[PDB]
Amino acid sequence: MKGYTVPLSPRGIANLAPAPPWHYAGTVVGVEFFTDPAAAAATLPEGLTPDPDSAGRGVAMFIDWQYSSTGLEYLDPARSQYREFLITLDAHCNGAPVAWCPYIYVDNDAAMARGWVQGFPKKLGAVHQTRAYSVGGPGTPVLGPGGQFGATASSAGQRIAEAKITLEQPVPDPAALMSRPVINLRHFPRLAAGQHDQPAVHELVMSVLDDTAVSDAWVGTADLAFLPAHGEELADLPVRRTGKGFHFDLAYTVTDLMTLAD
């Protein structure tokens, strides 16, 4: 019996995800937004407190991801490619600025399992973003000034977010993007009678990213809407105002995860 996630198996192949390292290359459409600070605060776990400066601020990101591990798994895009929609919300952890992730959607079961392991609360969703093609022409925007990109996310056949950005200029400090560490919650419940309120795993974690790299980063304007949907609570973070729109490539590797609190 071998393997990292379930199913464990004789050969350690069938598992949804193998052990790290997990490598990621992706292209991000992001939108800075502002919701009601109290609504942001309602989503925070114990151990996180409202950002004293930017309470209500969040980032919405629509990402086209390609995953690999140690054996050119990206040559199997049927399993290794996926698309992702998440939000983070500004908060503080012990007087430090962080980014809390309450909701996140992917179109891939391997990504869902990897996410749970990291404490990303992934559900399945349908996620799309406009692509820029080098060849150019009327089927594509320019990755440059004036370039317009749309992005959407649905869950269980219901549209939950729609965005558009228009690029204006290159990001001045690419390395500054996502300067806030991301905070998640590893959580795995018990089913034994009498223990449904006593999870086996329940711990705040900080995301740890190795060898992080950003390229081709642009900033501009943005439009964003969250839409009410049965069985979802995203739209309970209403978009009162949109800030900057962002487009960039992102790469990193996962090998670790920092447990803060159990």
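Sequential numbering from 1, following the sequence displayed.
Visitor: Per the entry, where is the mean C-alpha temperature factor higher: 178 to 186 or 108 to 116?
Guide: According to the PDB entry, the answer is 178 to 186.
Visitor: Averaging the C-alpha B factors as listed in the entry, name the stretch that ends up higher: 128 to 136 or 164 to 172.
Guide: The stretch with the larger mean CA B-factor is 164 to 172.
Visitor: What third of its chain's C-alpha B-factors does residue 145 belong to: lowest, middle or highest?
Guide: Within its chain, residue 145 is a highest-third residue by C-alpha B-factor, going by the deposited values.
Visitor: Sorting by Cα B-factor within the chain, modelled residues only, which third would residue 218 end up in: lowest, middle or highest?
Guide: Within its chain, residue 218 is a middle-third residue by C-alpha B-factor, going by the deposited values.
Visitor: Please say which third, lowest, middle or highest, residue 203 falls into when its CA temperature factor is compared across its chain.
Guide: Within its chain, residue 203 is a middle-third residue by C-alpha B-factor, going by the deposited values.
Visitor: Split the chain's modelled residues into thirds by Cα B-factor; is residue 55 in the lowest, middle or highest one?
Guide: As the PDB entry reports it, the C-alpha B-factor of residue 55 lands in the highest third of its chain.
Visitor: Based on the deposited C-alpha B factors for this chain, I'd like to know if residue 77 is in the lowest, middle or highest third.
Guide: According to the entry, residue 77 has a C-alpha B-factor in the chain's lowest third.
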